[PDB]
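The data block below is work_28.cif; it holds mmCIF, N, CA and C atoms and all ligand atoms.
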```
data_coords
loop_
_atom_site.label_atom_id
_atom_site.label_comp_id
_atom_site.auth_asym_id
_atom_site.auth_seq_id
_atom_site.Cartn_x
_atom_site.Cartn_y
_atom_site.Cartn_z
N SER C 1 0.83 -1.20 0.00
CA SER C 1 0.00 0.00 0.00
C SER C 1 0.87 1.25 0.00
N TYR C 2 0.31 2.34 -0.52
CA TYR C 2 1.03 3.61 -0.61
C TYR C 2 0.30 4.64 0.25
N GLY C 3 1.07 5.58 0.79
CA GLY C 3 0.57 6.54 1.76
C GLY C 3 -0.23 7.69 1.19
N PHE C 4 -1.50 7.44 0.86
CA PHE C 4 -2.38 8.48 0.35
C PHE C 4 -2.62 9.56 1.39
N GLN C 5 -2.02 10.74 1.18
CA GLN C 5 -2.14 11.87 2.08
C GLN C 5 -2.94 12.99 1.42
N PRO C 6 -3.64 13.82 2.22
CA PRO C 6 -4.44 14.90 1.63
C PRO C 6 -3.61 15.88 0.81
N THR C 7 -2.61 16.50 1.44
CA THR C 7 -1.73 17.43 0.74
C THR C 7 -0.26 17.27 1.10
N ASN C 8 0.09 16.37 2.03
CA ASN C 8 1.48 16.23 2.43
C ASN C 8 2.35 15.76 1.27
N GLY C 9 1.85 14.83 0.47
CA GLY C 9 2.62 14.35 -0.66
C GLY C 9 2.85 15.40 -1.73
N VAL C 10 1.90 16.34 -1.87
CA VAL C 10 1.91 17.39 -2.88
C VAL C 10 1.73 16.77 -4.26
N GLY C 11 2.78 16.11 -4.76
CA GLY C 11 2.68 15.31 -5.95
C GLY C 11 2.15 13.92 -5.64
N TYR C 12 2.20 13.06 -6.66
CA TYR C 12 1.74 11.68 -6.55
C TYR C 12 0.27 11.60 -6.14
N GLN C 13 -0.52 12.57 -6.58
CA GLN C 13 -1.92 12.63 -6.20
C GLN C 13 -2.70 11.49 -6.86
N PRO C 14 -3.77 11.02 -6.23
CA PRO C 14 -4.57 9.94 -6.82
C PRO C 14 -5.13 10.32 -8.18
N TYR C 15 -5.21 9.34 -9.07
CA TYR C 15 -5.76 9.52 -10.40
C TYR C 15 -6.78 8.43 -10.67
N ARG C 16 -8.04 8.82 -10.82
CA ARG C 16 -9.11 7.89 -11.17
C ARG C 16 -9.14 7.78 -12.69
N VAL C 17 -8.72 6.63 -13.21
CA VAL C 17 -8.62 6.41 -14.64
C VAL C 17 -9.59 5.31 -15.04
N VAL C 18 -10.31 5.54 -16.14
CA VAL C 18 -11.20 4.56 -16.73
C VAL C 18 -10.85 4.43 -18.21
N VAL C 19 -10.74 3.19 -18.68
CA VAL C 19 -10.30 2.89 -20.03
C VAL C 19 -11.43 2.18 -20.76
N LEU C 20 -11.76 2.68 -21.95
CA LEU C 20 -12.81 2.11 -22.78
C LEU C 20 -12.17 1.37 -23.95
N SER C 21 -12.68 0.17 -24.24
CA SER C 21 -12.13 -0.68 -25.30
C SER C 21 -13.27 -1.08 -26.23
N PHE C 22 -13.52 -0.27 -27.25
CA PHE C 22 -14.55 -0.59 -28.22
C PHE C 22 -14.10 -1.74 -29.11
N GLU C 23 -15.08 -2.40 -29.73
CA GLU C 23 -14.84 -3.48 -30.68
C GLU C 23 -15.68 -3.20 -31.92
N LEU C 24 -15.02 -3.04 -33.07
CA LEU C 24 -15.67 -2.60 -34.29
C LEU C 24 -15.68 -3.71 -35.33
N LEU C 25 -16.59 -3.56 -36.30
CA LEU C 25 -16.74 -4.51 -37.41
C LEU C 25 -17.07 -5.91 -36.89
N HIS C 26 -18.20 -6.01 -36.20
CA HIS C 26 -18.62 -7.24 -35.54
C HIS C 26 -20.12 -7.39 -35.72
N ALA C 27 -20.72 -8.25 -34.90
CA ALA C 27 -22.16 -8.52 -34.82
C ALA C 27 -22.93 -7.21 -34.65
N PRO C 28 -24.25 -7.20 -34.85
CA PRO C 28 -24.99 -5.93 -34.80
C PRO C 28 -24.76 -5.18 -33.50
N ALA C 29 -24.51 -3.88 -33.63
CA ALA C 29 -24.03 -3.08 -32.51
C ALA C 29 -25.12 -2.84 -31.47
N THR C 30 -24.71 -2.84 -30.21
CA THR C 30 -25.60 -2.50 -29.11
C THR C 30 -25.43 -1.05 -28.64
N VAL C 31 -24.26 -0.46 -28.84
CA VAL C 31 -23.98 0.91 -28.42
C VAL C 31 -23.67 1.74 -29.66
N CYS C 32 -24.36 2.87 -29.80
CA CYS C 32 -24.12 3.81 -30.88
C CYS C 32 -24.31 5.23 -30.36
N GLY C 33 -24.06 6.21 -31.22
CA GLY C 33 -24.18 7.59 -30.85
C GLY C 33 -25.62 8.06 -30.84
N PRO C 34 -25.80 9.35 -30.55
CA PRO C 34 -27.15 9.93 -30.47
C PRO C 34 -27.75 10.32 -31.81
N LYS C 35 -27.09 10.04 -32.92
CA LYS C 35 -27.64 10.38 -34.23
C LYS C 35 -28.91 9.58 -34.50
N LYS C 36 -29.87 10.23 -35.14
CA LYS C 36 -31.17 9.64 -35.41
C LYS C 36 -31.22 9.06 -36.82
N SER C 37 -32.28 8.31 -37.10
CA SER C 37 -32.42 7.58 -38.35
C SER C 37 -33.41 8.29 -39.28
N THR C 38 -33.53 7.75 -40.48
CA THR C 38 -34.39 8.31 -41.53
C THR C 38 -35.06 7.14 -42.24
N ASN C 39 -35.61 7.40 -43.42
CA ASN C 39 -36.28 6.37 -44.20
C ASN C 39 -35.25 5.43 -44.82
N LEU C 40 -35.72 4.52 -45.67
CA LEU C 40 -34.89 3.51 -46.33
C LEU C 40 -35.19 3.47 -47.83
N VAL C 41 -35.28 4.66 -48.44
CA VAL C 41 -35.66 4.78 -49.84
C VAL C 41 -34.76 3.92 -50.71
N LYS C 42 -35.37 3.12 -51.58
CA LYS C 42 -34.68 2.16 -52.42
C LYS C 42 -34.68 2.62 -53.87
N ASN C 43 -34.00 1.84 -54.72
CA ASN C 43 -33.94 2.09 -56.16
C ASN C 43 -33.43 3.50 -56.46
N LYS C 44 -32.44 3.94 -55.69
CA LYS C 44 -31.85 5.26 -55.88
C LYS C 44 -30.42 5.24 -55.39
N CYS C 45 -29.55 5.96 -56.09
CA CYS C 45 -28.15 6.08 -55.69
C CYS C 45 -28.06 7.03 -54.51
N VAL C 46 -27.97 6.48 -53.30
CA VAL C 46 -27.98 7.25 -52.06
C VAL C 46 -26.77 6.85 -51.22
N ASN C 47 -26.39 7.76 -50.33
CA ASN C 47 -25.43 7.43 -49.29
C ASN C 47 -26.13 6.69 -48.16
N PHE C 48 -25.40 5.78 -47.53
CA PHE C 48 -25.94 4.97 -46.45
C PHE C 48 -24.95 4.94 -45.29
N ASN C 49 -25.49 4.85 -44.08
CA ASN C 49 -24.72 4.86 -42.84
C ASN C 49 -25.22 3.76 -41.91
N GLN D 1 -24.62 -32.00 -0.24
CA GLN D 1 -25.17 -33.23 -0.78
C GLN D 1 -24.18 -33.93 -1.70
N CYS D 2 -23.07 -33.25 -1.99
CA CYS D 2 -22.03 -33.85 -2.83
C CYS D 2 -21.35 -34.99 -2.08
N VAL D 3 -20.99 -36.03 -2.83
CA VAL D 3 -20.35 -37.21 -2.24
C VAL D 3 -19.58 -37.92 -3.35
N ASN D 4 -18.49 -38.58 -2.97
CA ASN D 4 -17.72 -39.36 -3.92
C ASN D 4 -18.54 -40.55 -4.40
N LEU D 5 -18.51 -40.80 -5.70
CA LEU D 5 -19.30 -41.88 -6.29
C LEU D 5 -18.58 -43.21 -6.09
N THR D 6 -19.18 -44.10 -5.30
CA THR D 6 -18.61 -45.41 -5.06
C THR D 6 -18.82 -46.31 -6.28
N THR D 7 -18.24 -47.51 -6.22
CA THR D 7 -18.30 -48.49 -7.31
C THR D 7 -17.88 -47.87 -8.64
N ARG D 8 -16.80 -47.08 -8.60
CA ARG D 8 -16.27 -46.43 -9.79
C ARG D 8 -15.29 -47.37 -10.50
N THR D 9 -15.87 -48.38 -11.14
CA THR D 9 -15.10 -49.40 -11.84
C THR D 9 -14.29 -48.79 -12.98
N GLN D 10 -12.97 -48.77 -12.84
CA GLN D 10 -12.11 -48.16 -13.85
C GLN D 10 -12.26 -48.88 -15.19
N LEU D 11 -12.25 -48.11 -16.27
CA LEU D 11 -12.48 -48.63 -17.60
C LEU D 11 -11.35 -48.22 -18.53
N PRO D 12 -11.03 -49.05 -19.53
CA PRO D 12 -9.97 -48.68 -20.47
C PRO D 12 -10.40 -47.52 -21.34
N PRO D 13 -9.45 -46.74 -21.86
CA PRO D 13 -9.81 -45.61 -22.71
C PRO D 13 -10.41 -46.06 -24.03
N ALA D 14 -11.25 -45.20 -24.60
CA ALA D 14 -11.89 -45.44 -25.89
C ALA D 14 -11.49 -44.35 -26.87
N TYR D 15 -11.33 -44.73 -28.13
CA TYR D 15 -10.86 -43.82 -29.17
C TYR D 15 -11.81 -43.86 -30.36
N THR D 16 -11.79 -42.79 -31.15
CA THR D 16 -12.58 -42.71 -32.37
C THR D 16 -11.97 -41.67 -33.29
N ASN D 17 -12.47 -41.63 -34.52
CA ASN D 17 -11.97 -40.74 -35.56
C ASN D 17 -12.80 -39.46 -35.60
N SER D 18 -12.11 -38.33 -35.76
CA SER D 18 -12.80 -37.04 -35.81
C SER D 18 -13.64 -36.90 -37.07
N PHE D 19 -13.28 -37.61 -38.13
CA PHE D 19 -13.99 -37.56 -39.41
C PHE D 19 -14.07 -36.14 -39.95
N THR D 20 -15.28 -35.58 -40.05
CA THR D 20 -15.50 -34.33 -40.77
C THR D 20 -16.38 -33.37 -39.97
N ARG D 21 -16.08 -33.20 -38.67
CA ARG D 21 -16.79 -32.23 -37.84
C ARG D 21 -15.76 -31.52 -36.96
N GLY D 22 -15.19 -30.43 -37.46
CA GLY D 22 -14.19 -29.71 -36.69
C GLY D 22 -14.10 -28.21 -36.87
N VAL D 23 -15.09 -27.57 -37.48
CA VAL D 23 -14.96 -26.16 -37.84
C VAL D 23 -16.16 -25.36 -37.35
N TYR D 24 -16.21 -24.09 -37.73
CA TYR D 24 -17.28 -23.16 -37.38
C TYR D 24 -17.18 -21.97 -38.32
N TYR D 25 -18.02 -20.96 -38.07
CA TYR D 25 -17.96 -19.72 -38.83
C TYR D 25 -17.04 -18.74 -38.12
N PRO D 26 -15.87 -18.42 -38.67
CA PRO D 26 -14.92 -17.56 -37.94
C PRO D 26 -15.41 -16.14 -37.70
N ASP D 27 -16.37 -15.64 -38.48
CA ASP D 27 -16.75 -14.24 -38.39
C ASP D 27 -18.21 -14.08 -38.78
N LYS D 28 -18.76 -12.92 -38.43
CA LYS D 28 -20.17 -12.60 -38.70
C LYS D 28 -20.29 -11.95 -40.08
N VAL D 29 -20.11 -12.78 -41.11
CA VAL D 29 -20.10 -12.31 -42.49
C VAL D 29 -20.78 -13.36 -43.37
N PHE D 30 -21.55 -12.90 -44.35
CA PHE D 30 -22.35 -13.75 -45.22
C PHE D 30 -21.65 -14.02 -46.55
N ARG D 31 -20.33 -14.22 -46.53
CA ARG D 31 -19.62 -14.63 -47.74
C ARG D 31 -20.26 -15.87 -48.34
N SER D 32 -20.80 -15.72 -49.55
CA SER D 32 -21.52 -16.79 -50.22
C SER D 32 -20.94 -17.02 -51.61
N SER D 33 -20.98 -18.28 -52.04
CA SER D 33 -20.41 -18.70 -53.33
C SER D 33 -18.94 -18.31 -53.42
N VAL D 34 -18.22 -18.44 -52.31
CA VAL D 34 -16.82 -18.07 -52.21
C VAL D 34 -16.07 -19.24 -51.59
N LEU D 35 -14.77 -19.32 -51.90
CA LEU D 35 -13.91 -20.38 -51.39
C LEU D 35 -12.92 -19.78 -50.39
N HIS D 36 -13.43 -18.93 -49.51
CA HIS D 36 -12.59 -18.22 -48.55
C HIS D 36 -11.84 -19.19 -47.65
N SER D 37 -10.61 -18.81 -47.29
CA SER D 37 -9.76 -19.60 -46.42
C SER D 37 -9.31 -18.73 -45.25
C1 LIG Y 101 -15.37 -38.27 -1.20
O1 LIG Y 101 -14.01 -38.51 -1.49
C2 LIG Y 101 -13.31 -37.36 -1.92
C3 LIG Y 101 -11.93 -37.79 -2.38
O2 LIG Y 101 -11.20 -38.30 -1.28
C4 LIG Y 101 -13.29 -36.33 -0.78
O3 LIG Y 101 -12.69 -35.12 -1.19
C5 LIG Y 101 -14.72 -36.01 -0.37
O4 LIG Y 101 -14.77 -35.16 0.75
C6 LIG Y 101 -15.46 -37.30 -0.03
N1 LIG Y 101 -16.83 -37.02 0.32
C7 LIG Y 101 -17.42 -37.42 1.46
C8 LIG Y 101 -18.86 -37.01 1.61
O5 LIG Y 101 -16.84 -38.06 2.33
#
```
For the file at hand, write its structure as structure tokens.
Amino acid sequence: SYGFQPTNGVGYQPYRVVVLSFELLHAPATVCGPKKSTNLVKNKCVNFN
Amino acid sequence: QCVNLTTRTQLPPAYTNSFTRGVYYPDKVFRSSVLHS
């Protein structure tokens, strides 16, 4: 164990770190951004996302 | 309720051939009419 002090250490302050590990190009995604959807117009040269 | 099973008559090992059941789909992809390796 290390001596976690309020301010005596000055440096070496605690750091709460969280690491995210995404996995891409896989089975249908469960997590996505807040972007919304639109129609599915067919028989037309359209961009798709 | 667990207990050692008595009358555990030891038996010789048994062997067989794997034949033609040893694979799976490596990825979530619908590659069709392809000879992918
Ligand atoms: C059964 O035998 C095994 C192996 O010696 C032992 O670990 C286990 O505790 C025994 N169970 C009982 C209920 O005596």
Can you tell me which residues sit at most 5 Å away from ligand LIG 101 (chain Y), counting only N, CA and C atoms and all ligand atoms, written as a ChimeraX atom specification? /D:2-4
Restricting it to N, CA and C atoms, dump the selection as a PDB file, in the frame of the given file.
```
ATOM      1  N   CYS D   2     -23.070 -33.250  -1.990  1.00  0.00           N
ATOM      2  CA  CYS D   2     -22.030 -33.850  -2.830  1.00  0.00           C
ATOM      3  C   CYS D   2     -21.350 -34.990  -2.080  1.00  0.00           C
ATOM      4  N   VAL D   3     -20.990 -36.030  -2.830  1.00  0.00           N
ATOM      5  CA  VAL D   3     -20.350 -37.210  -2.240  1.00  0.00           C
ATOM      6  C   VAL D   3     -19.580 -37.920  -3.350  1.00  0.00           C
ATOM      7  N   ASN D   4     -18.490 -38.580  -2.970  1.00  0.00           N
ATOM      8  CA  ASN D   4     -17.720 -39.360  -3.920  1.00  0.00           C
ATOM      9  C   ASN D   4     -18.540 -40.550  -4.400  1.00  0.00           C
TER      10      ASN D   4
END
```
Quick one: 3 Å padding each side, axis-aligned, all listed atoms of range 11-30 of chain D - centre and edge lengths in Å to one decimal, as lines of an AutoDock Vina configuration file?
```
center_x = -15.9
center_y = -30.5
center_z = -31.4
size_x = 18.9
size_y = 43.1
size_z = 36.3
```
Per residue of chain C within 8 Å of chain D, note the shortest atom pair and the distance in Å to one decimal, counting all atoms listed in the file, and order the rows by chain and increasing residue number, as JSON lines.
```
{"residue": "C:25", "atom": "C", "partner": "D:28", "partner_atom": "N", "distance": 7.4}
{"residue": "C:26", "atom": "C", "partner": "D:28", "partner_atom": "CA", "distance": 6.0}
{"residue": "C:27", "atom": "N", "partner": "D:28", "partner_atom": "CA", "distance": 5.8}
{"residue": "C:28", "atom": "N", "partner": "D:28", "partner_atom": "CA", "distance": 7.8}
```
Which distance in Å separates atom C of residue 44 in chain C and atom C of residue 29 in chain C, to one decimal?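 Straight-line distance from atom C of residue 44 in chain C to atom C of residue 29 in chain C works out to 25.8 Å.
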Enter the distance from CA of residue 5 in chain C to CA of residue 18 in chain C, in Å, rounded to one decimal.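 Those two atoms sit 22.1 Å apart.
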Work out how far atom C of residue 48 in chain C is from atom C of residue 19 in chain C, in Å to one decimal. 28.1 Å
Residues near range 32-40 of chain C, anyone? I mean within 12 Å using only C-alpha atoms, not counting same-chain ones fewer than 6 positions away, as a PyMOL selection string. chain C and resi 22-24+46-49
